[PDB]
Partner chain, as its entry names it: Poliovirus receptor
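This document starts with one chain, in the form solved without the partner chain, laid out as structure tokens.
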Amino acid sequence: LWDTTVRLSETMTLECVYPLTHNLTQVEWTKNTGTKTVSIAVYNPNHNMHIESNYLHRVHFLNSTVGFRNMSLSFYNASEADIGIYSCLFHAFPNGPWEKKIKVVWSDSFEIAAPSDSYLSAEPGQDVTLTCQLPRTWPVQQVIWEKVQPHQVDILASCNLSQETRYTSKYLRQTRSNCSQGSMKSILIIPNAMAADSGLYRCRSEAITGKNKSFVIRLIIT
């Protein structure tokens, strides 16, 4: 129901970068208040821009090297009412839409609730293998890989072997994931890792009983 969770802050940014090579035709930023949706912004490559009147002077598009591929939404002065789920919709007709769902939550640093269980050192330029030490059998229903930062948590992979539809990560940096039926090691691979790939990587299991387990790796790439 969400691809990225970011911490509520006065100048928070909802990252959204189109990862595909298709020619863009439109972006839309929406917030799902309830069942109804509020159209925050609509932008077209002809520089036509719709902005919802209540968001007139509340949001902007910093978007380093502005090229309409990066449409991350930044707040000037956010408040508790800005908590909720946002949708960032890229249209690249005829190729079809690419949607990233962002949930804003009231919280402290996400790293607080993710103390590292393992420390992983690796040299730059190598394919780093992250190993989840959590069991995958019943009652566990799905296993999720996330990158945990103080301000945001990005879902890198999600595997539910019973689900017929697969989960596609909206994370910009490429990773190698595998949702296989075998009883092998639950692995996430970071290809050609750099110093920017350092940080907390958390594998998370969700069970049919509702119980939540987590295993956190502190990856350090000098």
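Numbering follows the first chain given and starts at 1. Basically, rigid core = biggest C-alpha set you can superpose within 1.5 Å across the two forms.
FYI, the form solved in complex with the partner chain isn't displayed, but the following is about it.
| task | Mind telling me which stretch in 104-112, 122-130, 72-80, 87-95 gets its heavy atoms within 4.5 Å of the partner chain in the deposited complex? | result | Checking each option against the 4.5 Å cut-off leaves 87-95.
| said: Check for me: heavy atom within 4.5 Å of the partner chain in the deposited complex, for each of 147, 158 and 177, yes or no. | reply: Verified in the deposited complex; spot residues all out of contact, no.
| task | Verify the contact flag for residue 28: yes if a non-hydrogen atom of it lies within 4.5 Å of a non-hydrogen atom of the partner chain in the deposited complex, no if not. | result | Yes, contact at 4.5 Å.
| the partner chain contact at residue 57 in the deposited complex, heavy atom, 4.5 Å | Judged by the heavy-atom cut-off of 4.5 Å, residue 57 is well away from the partner chain in the deposited complex.
| task | Consider residue 33 of the chain shown here, and say whether it contacts the partner chain in the deposited complex, taking contact as heavy atoms within 4.5 Å. | result | Close contact is absent here: in the deposited complex, residue 33 is far from the partner chain, nothing within 4.5 Å, heavy atoms only.
| request: Give a yes or no for residue 44: in the deposited complex, does one of its heavy atoms lie within 4.5 Å of a heavy atom belonging to the partner chain? | output: Contact check for residue 44: yes, within 4.5 Å of the partner chain in the deposited complex.
| Contact residue in the deposited complex, chosen from 48, 183, 64, 162 - any heavy atom within 4.5 Å of the partner chain | Only one listed residue qualifies here, and that residue is 48.
| request: Can you spot, among 174, 37, 178, 163, the one with a CA shift of 2 Å or more between the shown form and the other one after core superposition? | output: The only residue crossing the 2 Å threshold is 163.
| request: Superpose on the rigid core, then tell me if the C-alpha of residue 67 is displaced by 2 angstroms or more between the shown form and the other one. | output: Shift at residue 67: 2 Å or more after core fit.
| request: Tell me whether residue 66 and residue 73 end up closer or farther apart in the deposited complex, going by their C-alpha atoms; the shift is 3 Å or more. | output: The answer is farther, because the C-alphas of residue 66 and residue 73 separate from each other in the deposited complex by 3 Å or more.
| Do residue 66 and residue 76 move together or apart in the deposited complex, judged by C-alpha distance changing 3 Å or more? | Farther, not closer.
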